[PDB]
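*Asks:* Next up is a structure, given as structure tokens.
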Number of protein chains: 4
Amino acid sequence: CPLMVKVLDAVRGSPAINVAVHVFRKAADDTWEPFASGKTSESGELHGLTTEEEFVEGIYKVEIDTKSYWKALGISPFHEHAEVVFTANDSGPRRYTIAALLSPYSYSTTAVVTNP
Amino acid sequence: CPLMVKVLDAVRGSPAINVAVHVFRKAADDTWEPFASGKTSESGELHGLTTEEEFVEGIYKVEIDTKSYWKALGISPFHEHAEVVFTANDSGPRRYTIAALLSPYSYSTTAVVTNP
Amino acid sequence: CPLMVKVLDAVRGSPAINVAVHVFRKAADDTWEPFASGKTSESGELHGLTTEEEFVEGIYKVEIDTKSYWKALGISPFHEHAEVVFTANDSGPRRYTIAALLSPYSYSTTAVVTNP
Amino acid sequence: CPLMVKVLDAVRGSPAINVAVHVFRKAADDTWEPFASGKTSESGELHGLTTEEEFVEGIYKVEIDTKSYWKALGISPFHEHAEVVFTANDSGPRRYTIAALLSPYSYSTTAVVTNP
Ligand SMILES: Cc1ccc(C)c(OCCCC(C)(C)C(=O)O)c1
Ligand SMILES: Cc1ccc(C)c(OCCCC(C)(C)C(=O)O)c1
Ligand code: NA
Ligand code: NA
């Protein structure tokens with residue numbers, strides 16, 4: 001699994017379950033092309049977005065749909081979503097974990113990048 | 001001031017100085033139109049972005065050019081830039097402070113929304 | 001002002017108002033001795049804690065009574081309190097800002113250390 | 001595993017490896033008694049601190065030795081350590097994950113609490 005996303009909830013002290021995630025890759029014409037999407041499991045984790053073959057060099061945007069997550073829980077949050085934009089695989093294939101920690105008026109993100 | 005941006009550096013323990021910040025407003029056709037921009041001051045702050053009359057309800061995106069910031073300090077960064085995407089809502093308090101805390105592989109953002 | 005504390009609320013998107021803050025200095029016998037304390041203002045800030053003459057090099061601990069803060073808002077919190085433990089060093093810049101961002105199961109803190 | 005600790009590094013985009021962790025439990029006399037300690041693995045994780053039997057009701061302090069971690073990498077950090085202080089197992093046994101994200105002048109912590 002070359003790209004994985006994990007999301008925690010800072011209000012409940014739990015995984016953030018059923019969070020929609022959309023990944024885009026910047027195209028030659030500088031627009032964002034849809035690349036992969038899915039939703040986090042009971043453990044807050046989203047596996048299986050892509051494959052080593054398809055996950056080529058590029059600029060990627062991981063959009064985490066925080067608003068829909070909070071509204072589904074009955075909360076009115078500040079942000080529309082949380083974005084993480086980065087160049088990937090520029091020095092050969094790596095494995096990326098994108099982690100986010102959510103609050104209604106705040107979020108944090110970090111990346112773990114490892115070499116297989 | 002209806003909209004203020006403040007950026008801090010978690011590696012140096014300082015304001016993030018001379019960081020470029022672009023604000024966009026979402027247009028009816030869902031494209032992002034330029035709205036305001038500037039560079040953070042010696043205190044990491046960017047004031048004067050807009051006025052009450054110009055800052056109407058809507059979806060806004062604040063793009064912080066973190067990559068240039070780190071490169072100017074000789075640090076290899078992960079992100080292309082940081083985004084903060086939010087709805088401005090007249091019901092709520094009048095003044096928005098968007099704060100961001102920068103690290104090379106991570107970032108945190110929060111909103112401080114208050115009445116004078 | 002050589003030492004300032006600022007506290008924000010990630011659930012409400014506001015300053016954290018009326019939060020008790022205790023500062024301790026580490027004594028030669030490794031116990032923590034009271035040094036200064038106060039309550040955050042309506043802007044989430046606590047000024048006037050100490051003076052240049054009193055704030056000598058050493059190890060300090062800033063305790064923020066997060067549990068009382070959340071309970072006063074009717075929110076069930078995880079932590080007993082938040083701590084920030086650091087060395088004051090005269091080599092470095094003169095002014096220390098300790099900032100904390102509070103959620104019920106999480107918190108973030110950073111230091112902004114600058115010269116006037 | 002009723003108590004686990006995970007630590008990431010925001011500068012390197014990696015697990016924080018070989019981080020010393022000390023856990024204390026508040027005693028009847030209000031002093032902090034040593035409870036368990038260990039260090040994070042190659043994956044940034046610390047398992048095996050305690051057992052369901054020994055991990056009784058109490059106020060616990062998880063001290064993460066961030067200074068020793070950064071100094072071992074040649075960096076002079078701001079904080080002495082990162083503390084997480086909380087009441088545990090007050091409503092029966094739970095499983096706690098304590099996560100931290102480290103930068104030289106900043107850290108973040110969150111907790112995941114689950115019911116077995
Ligand atoms: C303290 C903090 C700040 C910011 C973020 C994004 C955090 O993310 C959760 C990391 C979870 C992890 C370690 C990847 C895991 O579950 O194995 C944590
Ligand atoms: C601990 C932490 C984590 C993440 C962020 C974004 C933080 O914001 C900095 C707040 C600075 C403030 C209060 C807006 C000011 O200087 O006026 C703080
Ligand atoms: Na290349
Ligand atoms: Na009980």
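By order in the structure tokens, chains are A, B, ...; within a chain, residues start at 1; ligands start at 1, following the order shown.
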Pull the closest atom pair for each residue of chain A that gets at most 9 Å from ligand 2, along with the distance in Å to one decimal, counting only C-alpha atoms and all ligand atoms, ordering rows by chain and then ascending residue number, as a Markdown table.
*Replies:*
| residue | atom | partner | partner_atom_place_in_ligand_line | distance |
| --- | --- | --- | --- | --- |
| A:106 | CA | ligand 2 | 6 (C) | 8.0 |
| A:107 | CA | ligand 2 | 4 (C) | 8.6 |
| A:108 | CA | ligand 2 | 4 (C) | 8.0 |
*Asks:* Can you work out which residues are within 9 Å of ligand 1, considering only C-alpha atoms and all ligand atoms, and then hand them over as a VMD selection string?
*Replies:* (chain A and resid 5 to 8 15 43 to 45 97 to 102 107 to 112) or (chain B and resid 106 to 108) or (chain C and resid 106 to 108) or (chain D and resid 5 to 8 10 15 43 to 45 97 to 102 107 to 112)
*Asks:* Can you spit out the residues from that selection as a compact mmCIF listing (two decimals), in the first residue's frame, using C-alpha atoms?
*Replies:*
# COMPACT_ATOMS: atom_id res chain seq x y z
CA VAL A 5 -4.74 7.93 5.04
CA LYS A 6 -5.50 7.86 8.76
CA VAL A 7 -7.88 10.21 10.51
CA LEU A 8 -8.46 10.78 14.23
CA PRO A 15 -10.73 7.15 14.99
CA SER A 43 -10.19 2.15 12.62
CA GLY A 44 -9.97 5.56 10.95
CA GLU A 45 -7.84 4.08 8.15
CA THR A 97 0.97 7.82 5.20
CA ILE A 98 -1.13 10.99 5.47
CA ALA A 99 -2.49 11.47 8.99
CA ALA A 100 -5.03 14.08 10.14
CA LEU A 101 -6.39 15.06 13.52
CA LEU A 102 -9.71 16.81 13.49
CA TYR A 107 -7.04 20.39 12.04
CA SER A 108 -3.51 19.05 11.94
CA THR A 109 -1.82 16.89 9.35
CA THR A 110 1.45 15.05 9.09
CA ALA A 111 3.12 12.73 6.62
CA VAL A 112 5.19 9.60 7.14
CA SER B 106 3.43 18.73 9.10
CA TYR B 107 1.12 21.62 9.69
CA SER B 108 -1.67 22.67 11.98
CA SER C 106 -5.87 16.64 22.23
CA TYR C 107 -3.61 19.61 22.54
CA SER C 108 -0.84 21.34 20.68
CA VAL D 5 2.48 5.24 22.87
CA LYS D 6 3.22 6.31 19.31
CA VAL D 7 5.56 9.10 18.35
CA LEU D 8 6.13 10.78 14.97
CA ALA D 10 7.41 16.31 11.86
CA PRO D 15 8.45 7.57 13.16
CA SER D 43 7.99 2.09 13.92
CA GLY D 44 7.73 4.83 16.54
CA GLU D 45 5.62 2.55 18.76
CA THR D 97 -3.24 5.10 22.68
CA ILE D 98 -1.19 8.23 23.38
CA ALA D 99 0.16 9.77 20.17
CA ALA D 100 2.66 12.64 19.86
CA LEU D 101 3.99 14.62 16.94
CA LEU D 102 7.29 16.33 17.50
CA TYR D 107 4.56 19.26 19.95
CA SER D 108 1.06 17.90 19.63
CA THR D 109 -0.59 15.03 21.45
CA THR D 110 -3.83 13.15 21.14
CA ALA D 111 -5.47 10.17 22.79
CA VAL D 112 -7.49 7.31 21.35
*Asks:* Pick out the residues no farther than 7 Å from ligand 3, counting only C-alpha atoms and all ligand atoms, and list them as a PyMOL selection string.
*Replies:* chain A and resi 90-92
*Asks:* Once you count only C-alpha atoms and all ligand atoms, which residues end up within 12 Å of ligand 4, and could you hand them over as a list in words?
*Replies:* residues 56, 57, 58, 87, 88, 89, 90, 91, 92 and 93 of chain D
*Asks:* Show me which bits of chain A are within 7 Å of chain C, counting only C-alpha atoms, as JSON, numbers by chain.
*Replies:* {"A": [10, 11, 12, 13, 103, 104, 105, 106]}
*Asks:* Any chance you could fit chain A onto chain C with least squares, all Cα atoms in order, and share the moved copy as a tab-separated table (two decimals) with C-alpha atoms, in the first residue's frame?
*Replies:*
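Result saved to out.tsv:
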chain	number	residue	atom	x	y	z
A	1	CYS	CA	6.51	41.22	28.60
A	2	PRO	CA	9.07	38.38	28.60
A	3	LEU	CA	6.60	35.50	29.04
A	4	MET	CA	3.14	35.44	27.57
A	5	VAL	CA	0.53	32.68	27.16
A	6	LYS	CA	-2.23	32.50	24.56
A	7	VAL	CA	-4.95	29.88	24.48
A	8	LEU	CA	-7.50	29.08	21.78
A	9	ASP	CA	-10.56	26.80	21.80
A	10	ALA	CA	-10.86	24.45	18.75
A	11	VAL	CA	-14.46	23.49	19.53
A	12	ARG	CA	-15.88	27.00	19.69
A	13	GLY	CA	-13.48	28.76	17.30
A	14	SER	CA	-12.69	31.37	19.95
A	15	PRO	CA	-10.14	32.47	22.50
A	16	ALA	CA	-10.15	30.22	25.52
A	17	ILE	CA	-11.26	32.69	28.18
A	18	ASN	CA	-10.63	32.43	31.95
A	19	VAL	CA	-8.06	29.60	31.68
A	20	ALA	CA	-5.93	29.25	34.79
A	21	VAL	CA	-2.19	29.08	34.18
A	22	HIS	CA	0.50	28.19	36.74
A	23	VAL	CA	4.16	28.59	36.09
A	24	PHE	CA	6.82	26.74	38.08
A	25	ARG	CA	10.62	26.96	38.01
A	26	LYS	CA	12.85	24.01	38.91
A	27	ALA	CA	14.76	24.67	42.12
A	28	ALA	CA	18.27	23.69	43.14
A	29	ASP	CA	16.81	20.67	44.94
A	30	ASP	CA	15.03	19.56	41.70
A	31	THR	CA	11.52	20.37	42.95
A	32	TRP	CA	9.11	22.69	41.15
A	33	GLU	CA	8.82	26.03	42.85
A	34	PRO	CA	5.78	28.22	42.21
A	35	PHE	CA	6.91	31.07	39.95
A	36	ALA	CA	3.83	32.99	38.64
A	37	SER	CA	0.19	32.32	37.82
A	38	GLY	CA	-2.79	34.08	36.32
A	39	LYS	CA	-5.73	33.58	33.99
A	40	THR	CA	-6.43	34.34	30.30
A	41	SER	CA	-8.46	37.40	29.37
A	42	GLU	CA	-11.39	37.79	26.97
A	43	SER	CA	-8.82	37.61	24.17
A	44	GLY	CA	-7.35	34.32	25.38
A	45	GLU	CA	-4.15	36.10	26.45
A	46	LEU	CA	-2.25	36.16	29.72
A	47	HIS	CA	0.19	39.03	30.11
A	48	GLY	CA	2.12	40.29	33.10
A	49	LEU	CA	3.27	36.98	34.57
A	50	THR	CA	6.78	38.15	35.24
A	51	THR	CA	9.47	40.75	34.67
A	52	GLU	CA	12.78	40.70	32.85
A	53	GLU	CA	14.54	40.89	36.22
A	54	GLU	CA	12.75	38.00	37.85
A	55	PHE	CA	12.65	35.82	34.74
A	56	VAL	CA	16.12	34.40	35.15
A	57	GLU	CA	17.83	31.35	33.58
A	58	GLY	CA	16.08	28.16	34.51
A	59	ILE	CA	13.88	25.22	33.63
A	60	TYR	CA	10.28	26.38	33.58
A	61	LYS	CA	6.96	24.53	33.54
A	62	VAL	CA	3.87	26.26	32.21
A	63	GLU	CA	0.84	24.35	33.38
A	64	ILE	CA	-2.41	25.20	31.60
A	65	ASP	CA	-5.45	24.06	33.54
A	66	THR	CA	-7.42	22.60	30.68
A	67	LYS	CA	-9.56	20.30	32.84
A	68	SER	CA	-10.95	23.15	34.94
A	69	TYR	CA	-11.59	25.10	31.74
A	70	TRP	CA	-13.61	22.32	30.08
A	71	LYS	CA	-15.47	21.34	33.27
A	72	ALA	CA	-16.50	24.98	33.74
A	73	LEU	CA	-18.12	24.70	30.29
A	74	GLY	CA	-19.88	21.45	31.24
A	75	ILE	CA	-17.55	19.11	29.30
A	76	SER	CA	-15.67	16.06	30.67
A	77	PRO	CA	-12.21	16.24	29.05
A	78	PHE	CA	-9.40	13.65	28.84
A	79	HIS	CA	-6.39	15.58	30.16
A	80	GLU	CA	-5.74	16.99	33.62
A	81	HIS	CA	-3.83	19.84	32.10
A	82	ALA	CA	-1.39	20.82	29.38
A	83	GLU	CA	2.25	21.22	30.30
A	84	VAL	CA	5.03	22.99	28.53
A	85	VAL	CA	8.49	22.43	30.02
A	86	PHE	CA	11.53	24.29	28.69
A	87	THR	CA	14.87	25.88	29.54
A	88	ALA	CA	14.62	29.69	29.30
A	89	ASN	CA	17.17	32.52	28.94
A	90	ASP	CA	20.09	30.16	28.67
A	91	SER	CA	21.76	32.45	26.08
A	92	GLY	CA	20.61	35.71	27.58
A	93	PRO	CA	17.13	37.16	27.87
A	94	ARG	CA	14.49	36.19	25.33
A	95	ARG	CA	10.77	36.83	25.01
A	96	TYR	CA	8.60	33.70	24.97
A	97	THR	CA	5.07	33.26	23.73
A	98	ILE	CA	3.52	29.92	24.70
A	99	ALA	CA	0.43	29.15	22.61
A	100	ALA	CA	-2.04	26.29	23.11
A	101	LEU	CA	-5.00	25.03	21.13
A	102	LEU	CA	-7.51	23.01	23.06
A	103	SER	CA	-9.95	20.18	22.29
A	104	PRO	CA	-11.55	17.89	24.78
A	105	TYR	CA	-9.31	14.85	23.94
A	106	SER	CA	-6.37	16.72	22.37
A	107	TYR	CA	-4.15	19.75	22.66
A	108	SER	CA	-1.37	21.38	20.72
A	109	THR	CA	1.29	23.80	21.88
A	110	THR	CA	3.91	25.92	20.21
A	111	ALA	CA	6.47	28.49	21.28
A	112	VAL	CA	7.55	31.75	19.69
A	113	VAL	CA	10.94	32.87	20.94
A	114	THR	CA	12.25	36.33	20.04
A	115	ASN	CA	15.36	38.32	20.90
A	116	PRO	CA	14.86	41.85	22.21
*Asks:* Residues of range 15-116 of chain C classed as helix (DSSP H, G or I) by DSSP on the backbone are to be reported as an NGL selection string.
*Replies:* :C and (66-72)
*Asks:* Taking the DSSP secondary structure from the backbone, can you list the residues of range 38-115 of chain B that are strand (DSSP E), as a ChimeraX atom specification?
*Replies:* /B:38-39,45-46,58-64,79-88,95-102,106-114
